[PDB]
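Before any comments, here is the structure.
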Amino acid sequence: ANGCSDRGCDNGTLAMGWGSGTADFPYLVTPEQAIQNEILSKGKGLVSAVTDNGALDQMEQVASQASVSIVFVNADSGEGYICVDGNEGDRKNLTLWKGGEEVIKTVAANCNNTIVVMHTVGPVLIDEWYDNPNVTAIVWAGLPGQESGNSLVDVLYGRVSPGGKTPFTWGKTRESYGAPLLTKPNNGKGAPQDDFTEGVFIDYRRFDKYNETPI
Amino acid sequence: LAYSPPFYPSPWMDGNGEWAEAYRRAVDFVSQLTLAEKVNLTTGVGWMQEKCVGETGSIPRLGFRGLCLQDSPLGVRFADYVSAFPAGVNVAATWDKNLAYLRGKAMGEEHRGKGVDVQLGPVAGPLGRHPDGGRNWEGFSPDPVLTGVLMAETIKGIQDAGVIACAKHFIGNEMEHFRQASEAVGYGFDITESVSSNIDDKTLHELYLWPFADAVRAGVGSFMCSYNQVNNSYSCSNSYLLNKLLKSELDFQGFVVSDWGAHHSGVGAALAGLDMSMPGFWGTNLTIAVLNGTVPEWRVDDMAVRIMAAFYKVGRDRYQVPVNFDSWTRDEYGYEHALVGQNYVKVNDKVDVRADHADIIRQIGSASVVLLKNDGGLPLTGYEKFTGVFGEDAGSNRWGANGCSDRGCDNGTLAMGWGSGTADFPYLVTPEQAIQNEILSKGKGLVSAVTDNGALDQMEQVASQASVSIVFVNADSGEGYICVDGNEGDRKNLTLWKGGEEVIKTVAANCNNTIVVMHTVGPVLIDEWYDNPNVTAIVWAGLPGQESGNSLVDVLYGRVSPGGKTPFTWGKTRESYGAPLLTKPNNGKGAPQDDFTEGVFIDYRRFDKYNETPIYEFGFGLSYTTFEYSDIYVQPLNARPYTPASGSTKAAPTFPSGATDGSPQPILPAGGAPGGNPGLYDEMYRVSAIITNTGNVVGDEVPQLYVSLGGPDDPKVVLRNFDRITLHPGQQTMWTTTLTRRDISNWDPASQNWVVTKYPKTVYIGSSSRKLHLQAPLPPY
Amino acid sequence: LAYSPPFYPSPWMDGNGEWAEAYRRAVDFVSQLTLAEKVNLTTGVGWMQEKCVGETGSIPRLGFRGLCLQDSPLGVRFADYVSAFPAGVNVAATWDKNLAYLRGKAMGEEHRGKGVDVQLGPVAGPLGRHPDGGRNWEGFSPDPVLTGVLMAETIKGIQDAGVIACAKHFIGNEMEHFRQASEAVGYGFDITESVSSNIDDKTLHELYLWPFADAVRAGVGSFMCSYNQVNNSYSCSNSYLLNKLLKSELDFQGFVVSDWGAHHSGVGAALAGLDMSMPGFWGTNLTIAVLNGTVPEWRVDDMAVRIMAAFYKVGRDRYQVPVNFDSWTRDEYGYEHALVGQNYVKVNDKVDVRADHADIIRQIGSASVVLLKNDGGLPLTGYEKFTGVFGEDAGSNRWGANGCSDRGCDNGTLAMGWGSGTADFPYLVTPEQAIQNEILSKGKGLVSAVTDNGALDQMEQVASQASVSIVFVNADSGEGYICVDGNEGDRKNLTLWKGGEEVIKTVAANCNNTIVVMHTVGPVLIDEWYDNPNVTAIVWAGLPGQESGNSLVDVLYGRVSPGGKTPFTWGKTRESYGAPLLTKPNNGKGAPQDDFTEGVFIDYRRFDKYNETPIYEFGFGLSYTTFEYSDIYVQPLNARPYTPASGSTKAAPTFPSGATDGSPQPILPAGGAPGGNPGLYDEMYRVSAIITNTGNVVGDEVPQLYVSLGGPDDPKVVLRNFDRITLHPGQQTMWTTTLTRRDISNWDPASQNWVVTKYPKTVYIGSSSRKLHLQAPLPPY
Ligand SMILES: OC[C@H]1NC[C@H](O)[C@@H](O)[C@@H]1O
Ligand SMILES: OC[C@H]1NC[C@H](O)[C@@H](O)[C@@H]1O
Ligand SMILES: [Mg+2]
Ligand SMILES: [Mg+2]
Ligand SMILES: [Mg+2]
Ligand SMILES: [Mg+2]
Ligand SMILES: [Mg+2]
């Protein structure tokens with residue numbers, strides 16, 4: 001759980017971003033673990049976890065047999081002194097990491113009761129899959145800390161009704177958000193200038209002003 | 001070239017004793033059949049042509065469907081909503097007859113619930129000649145008695161549940177190399193024939209054949225003849241093997257089925273003792289050979305009656321339901337060809353047969369853990385401040401528990417070997433999972449799992465902070481048609497997989513309270529770390545099936561005192577075991593020759609003979625309590641003198657010299673009933689000793705009785721009986737068993753019988769093959 | 001369902017004209033044989049039983065060994081000390097009859113030197129219906145004329161070298177998906193029969209059959225019938241296909257062999273036109289069928305004499321030497337079973353047959369380069385200050401040039417596709433190697449090679465500093481028994497492999513003089529980068545064989561001006577091509593149905609019909625110089641009127657309704673001679689034009705003659721002729737060809753003959769399918 005210094009990787013379940021804004025896990029309950037504990041303490045149905053986003057064949061064959069498919073995807077970011085996968089602190093895009101989008105599409109193509117769980121540091125572009133009819137539910141779970149799997153299953157299995165609201169907008173495009181990120185110097189060797197030209201119009205204020213409909 | 005003499009005619013059933021009812025009904029059935037219908041029972045339908053791994057032809061005129069033959073020895077293969085049981089080697093490590101029986105019953109239940117008629121197991125061949133033999137883990141133990149006893153219990157469990165068991169593989173299939181020429185060609189070898197296991201008559205009787213005798217006497221319905229040759233005759237057309245040893249001496253009443261595509265002499269195989277050809281030409285030729293008198297009618301009558309006797313013996317007439325799953329797809333529906341066009345039919349009903357079988361699987365898991373070392377490491381409490389979990393073998397198969405087909409990989413925790421001897425997991429509880437649950441339900445200390453064997457920096461980091469480090473390592477193997485990491489079924493070495501030894505050393509250098517759990521199919525060379533003072537405990541846990549993690553923690557955290565004993569030897573070197581694997585053909589393009597020159601001296605017998613000291617001897621295991629042995633007592637029973645069997649068989653009924661002879665035949669001196677001349681099972685001595693729990697916790701001991709037969713060529717000791725016994729602190733018990741005539745005899749090739757030699761015999765009772773606490777002479781009479 | 005009518009009896013040889021001497025000698029030989037000896041010629045000895053990919057039985061009484069049949073279309077497969085030639089698709093890109101011929105001769109020389117009797121090639125099926133068909137690269141072009149001409153030249157080359165050639169696969173094997181049931185099952189599909197290519201009579205005649213007619217007429221000794229069905233009858237037992245189309249209409253005189261395990265109705269296949277069964281179990285069944293009269297004597301006789309006729313036609317009697325290599329091992333010696341014991345025999349002589357064939361392989365490599373774009377990028381000088389080389393496709397196969405079995409991987413530079421259509425490299429010169437050699441022998445500027453497609457930082461690093469950046473990308477495919485990266489033979493998409501597109505974009509972002517080199521088995525979608533202004537040149541180089549890097553740099557550095565033309569279309573989308581690949585069974589468990597509904601409208605014909613603009617049109621390619629077309633002229637030749645063939649065969653000699661009829665048969669009106677009614681090849685018009693090099697360097701131009709047949713359902717244009725012509729600066733030539741009656745005809749199903757329709761025809765001469773510079777009417781007469 002603490003195998004990457006300052007959490008500077010995206011290995012396994014994402015429960016914390018990277019950099020100084022971190023702490024060590026005393027332990028980390030994964031979704032895999034909590035879901036298996038749930039099943040095996042109740043109906044004791046079948047349960048298998050394919051946790052390699054490259055094993056698409058296995059996902060097809062397990063998903064075809066499933067009453068329900070619970071898909072996990074993430075996107076990470078952190079402090080600028082750490083770079084992961086070409087993300088220099090800031091995110092180089094709003095894609096799901098490690099081919100998460102392909103995981104969703106594969107599973108959804110084989111199971112008409114697919115649940116998508118998103119552990120992301122912020123919004124990702126979901127236009128391509130959110131309206132898939134085979135995706136019967138979608139949750140965002142963020143960075144839940146040490147109890148991730150347990151906190152999640154409490155909701156998924158109905159002990160707690162979900163009552164969170166997204167504290168940022170989910171847009172169709174990166175352009176929807178305006179405010180492009182300055183990634184190349186614009187004042188020679190001197191201080192770059194990030195001009196806050198949009199004023200108070202960030203996030204939903206921007207969407208509202210340009211009458212753009214969020215997802 | 002070593003030679004297999006002919007033996008004809010192929011003996012017909014007696015249907016005496018426990019087989020009488022079944023024979024009577026088989027006869028009434030076969031009497032009604034055409035020749036074509038009888039032949040159908042003997043003929044497989046074709047590879048993947050129906051639902052089961054093999055099916056016979058049907059008899060629709062009588063509303064009799066073809067038999068369903070399905071793998072495996074540890075579960076229902078190629079099926080959904082089934083359980084994954086511990087491997088046979090785990091069963092051997094329990095030394096527990098009752099558990100073996102109950103595992104059989106539960107497996108039988110699952111097969112029955114799916115519509116299976118024949119479960120293709122259990123396994124006593126391979127026995128375990130080679131520590132690196134790929135399929136040993138499917139069986140039990142290199143020891144013939146341990147294997148034979150648990151084989152028998154397993155069979156009774158399966159058949160009591162209403163399914164035909166199939167003792168396999170008969171015989172001499174002690175390695176995967178060169179088992180089948182086509183397979184060896186796939187590996188770049190140029191041979192046209194399977195290897196020949198060259199086994200002398202004495203060695204056969206006293207080692208490899210022994211557990212099959214137990215199988216026969218346990219009432220097993222079928223046998224499977226092996227892919228390899230024995231003395232340069234393929235098992236499945238080896239008249240000496242099948243007609244003499246199996247069907248005369250051991251008086252087997254059931255049917256012999258071929259291994260799948262096991263080469264045989266077609267119609268000649270039938271005359272040599274084969275009853276059923278799998279998987280499926282033989283149909284037509286058998287019909288023709290009967291019609292022209294090449295095969296006599298009584299032979300085919302006998303083939304059909306054996307098959308149907310097996311069917312009735314286990315109550316298939318009562319317990320049969322439609323085959324409700326498909327081996328070759330998990331789809332619910334599928335197209336099938338019809339007389340006109342096609343139909344779209346139900347092919348999988350997804351019938352859940354698991355019942356409560358997770359309990360017996362957890363229990364056998366716990367009972368099969370062997371405590372090899374404990375200098376104050378175990379048990380744990382669950383209140384440890386910081387628990388470190390280490391090794392890929394702790395973690396998940398990232399492709400899903402069934403993500404490797406036929407389990408043909410070593411991803412995550414190893415709970416099952418590869419090949420036909422498999423079943424799909426309904427789920428898999430990993431050690432990582434079970435250990436975290438244990439901590440988080442108790443003291444809730446720190447716990448971290450580093451499950452990448454390359455992440456050595458992290459293991460140091462974590463181990464150096466841990467109150468306890470629990471390290472997981474494995475070694476895998478399986479059937480020859482699958483190669484993993486250059487292990488062509490057979491293991492290419494006795495090393496821990498994936499740098500496991502490095503994981504152990506790294507962790508132990510950083511944590512002075514290191515616990516090592518080995519999930520191995522067999523022995524590995526541990527000389528370099530077992531004696532590390534920082535390794536405070538070592539367990540072997542084998543291949544535990546679906547409840548691996550849970551079964552383990554029950555032992556590690558002290559709910560169950562470990563009571564398993566190692567069913568094979570842990571030597572210092574590969575050379576210690578002798579019997580090197582033949583991995584290069586030695587007969588040009590012909591059948592390689594694997595000569596069994598060591599005789600009966602495999603595993604512990606070899607170590608004892610050559611005075612090599614094991615790291616951990618056969619039969620060794622520790623407990624969380626202590627036991628004391630006292631007061632051995634030997635009572636001679638004055639059994640009746642042995643009488644060689646004599647007289648005649650009946651004439652062959654209807655419902656190569658001698659092959660068509662249906663006249664009465666002479667009984668062999670060592671035959672005369674299923675399992676051999678009944679005088680062999682006469683009790684000669686009663687032997688007693690007192691076992692006392694001298695420790696502070698309830699625990700199981702496995703007392704062991706060994707015999708020294710006393711000759712220059714005899715092993716110093718051979719196991720002859722054992723039991724598993726629960727004792728409360730301070731409680732004592734008298735362990736009483738008997739030695740049969742067979743138990744104290746040697747095979748005499750000249751007289752073709754078991755003899756009690758004039759060499760003085762000693763009996764020993766102890767806690768392992770080397771810890772022989774008690775002894776007494778066996779006084780002759 | 002689509003249906004294939006019966007056509008019986010199976011036509012027997014005429015041995016007229018060019019075949020008379022071969023027929024005479026075959027008769028003399030077959031006259032001497034027993035029936036068993038005749039059947040031996042027709043029967044393969046079994047998979048991997050002897051030395052060659054296939055062998056017939058022998059006739060030792062006359063010292064006649066079994067024939068040796070050996071892959072591949074581009075070299076001697078499974079052999080040492082041989083050359084690896086460029087693939088067929090490269091030959092197609094040359095548009096060079098002469099080069100096609102010389103490649104045939106060289107391959108033929110090599111086969112000959114090894115003792116091969118039959119080279120299993122070349123390929124005109126797959127023709128190329130699907131851009132994603134896995135085996136298209138083994139053939140030539142989706143265009144029937146281009147393929148037919150070069151097919152014929154290749155055949156003449158092989159056979160002129162004293163080896164029998166084999167036109168395959170006949171017919172309709174346009175994809176790998178579902179070609180064989182067992183293979184489909186291996187991929188997890190549930191079917192029991194091969195896909196059926198459903199092709200109407202007109203489409204067959206005007207598209208798929210056409211090149212095969214060319215092969216017949218070129219004197220090809222053998223045909224191989226395909227795995228798939230045609231109109232729901234397997235090619236190898238399809239009487240319409242073999243008896244009617246091949247052996248009557250096209251009057252083929254040679255022998256038909258099956259693809260390896262290509263399914264047929266056993267003895268009924270022989271009646272349907274099959275002559276030879278590979279690889280092998282029908283020998284005794286054919287013998288019996290002849291004895292009981294189900295197969296006439298004249299049929300088995302005709303089978304034997306066709307095989308021997310092919311043998312004598314290419315002069316096997318003069319050129320045969322013992323088979324001096326082994327397909328299944330590189331060992332010098334090996335064991336063989338004998339009447340008793342074994343013989344140790346020589347199995348490989350390591351006969352070096354490469355001669356000087358590296359020269360032609362280099363030359364064809366260079367001639368098959370197609371320059372698709374050039375805005376001042378090429379040629380290079382070798383005096384560039386800094387050359388960057390980018391992409392794994394520039395580098396070495398790290399497992400060795402032959403490190404992937406049957407080239408079944410995409411390691412390093414792609415010079416050959418995968419499957420049976422392969423041969424071993426004696427060496428492989430990579431682009432990395434050749435470019436460094438070029439720089440270091442000339443200007444000795446800087447040069448670096450980043451051959452890891454994941455190393456994007458380094459590519460940016462180096463590309464930023466480069467004078468020129470040379471980027472290498474590939475896309476691979478092959479035979480269906482091999483899957484690479486989810487491509488089950490056929491390509492799962494038309495993307496560049498291993499992120500080639502990202503390499504291109506990364507490099508072009510940092511270097512404004514980026515050259516892209518594509519080694520692809522067929523088209524890929526390049527819409528996103530081809531028009532990038534930083535990409536100053538684009539070349540397709542295909543699968544160049546052993547001299548890849550050398551042949552390439554010869555062009556890039558201006559020693560050879562590129563003159564290749566793309567032999568297929570480069571479209572904007574996959575949908576552009578129509579004819580989507582069937583990758584999902586559509587007839588339940590039965591034969592999938594592949595309907596060729598687009599008719600003759602494949603590749604450029606489709607694009608033309610829908611008025612869709614390709615990125616690069618069929619027949620397009622640039623030069624380092626410019627060419628000018630002028631002054632077309634059409635000369636009517638006033639040919640004799642077309643006469644339907646009439647009269648009757650002779651009766652079948654000896655040495656299903658109609659299947660046993662040996663009586664004189666009527667000649668089909670479109671038959672009469674090998675390749676069709678001779679009147680079909682009468683010259684109708686002579687068409688000529690002046691070509692001039694108007695630039696500053698020597699170059700090759702490929703002028704092309706297209707015809708508009710003028711009907712409402714005719715393609716706007718079809719290729720009818722072409723040549724490759726070297727012109728120095730300011731050099732002119734008169735290019736003159738003739739149009740045959742076939743060239744201006746349509747197939748008429750009602751009359752079963754080629755007809756010249758009344759619609760006005762127009763002839764075009766141009767530099768591509770879309771660059772039709774000159775045109776003229778074809779005056780009716
Ligand atoms: O899968 C059927 C059969 N195949 C071959 C194996 O040797 C045998 O154990 C198994 O039962
Ligand atoms: O290798 C033999 C044979 N196998 C099957 C292929 O389709 C054919 O092209 C090849 O010649
Ligand atoms: Mg089926
Ligand atoms: Mg008997
Ligand atoms: Mg050979
Ligand atoms: Mg003719
Ligand atoms: Mg197709």
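Within every chain, numbering begins at 1; the chains are lettered A, B, ... in the order of the sequence lines, protein sequences first and strands thereafter. Ligands are counted one by one from 1 in listed order, and the atoms in each one are counted from 1 as well.
The ring pair (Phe, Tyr, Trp, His ring centres under 6.0 Å) check on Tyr642(C) picks up nothing, with sequence neighbours excluded. With sequence neighbours excluded, no residue forms a ring pair (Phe, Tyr, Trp, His ring centres under 6.0 Å) with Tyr681(C).
Counting non-hydrogen atoms of neighbouring residues, nucleotides and ligands closer than 6.0 angstrom, the CD atom of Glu297(C) reaches no more than 12 such neighbours.
Counting only protein N, O or S atoms, 2 lie closer than 2.8 Å to the Mg ion (ligand 6).
Legend: salt bridge (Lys or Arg N to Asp or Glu O under 4.0 Å) pairs involving residues 42-60 of chain C, not counting sequence neighbours, sorted by first then second residue: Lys51(C)-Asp326(C).
With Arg742(C) as the fixed residue, the side chain to side chain contact (heavy atoms under 4.5 Å, CB included) test singles out one of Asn677(C), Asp682(C), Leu680(C): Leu680(C).
In this structure, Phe212(C) and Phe170(C) have perpendicular ring planes: the angle between them is above 60°, well past the 30° mark.
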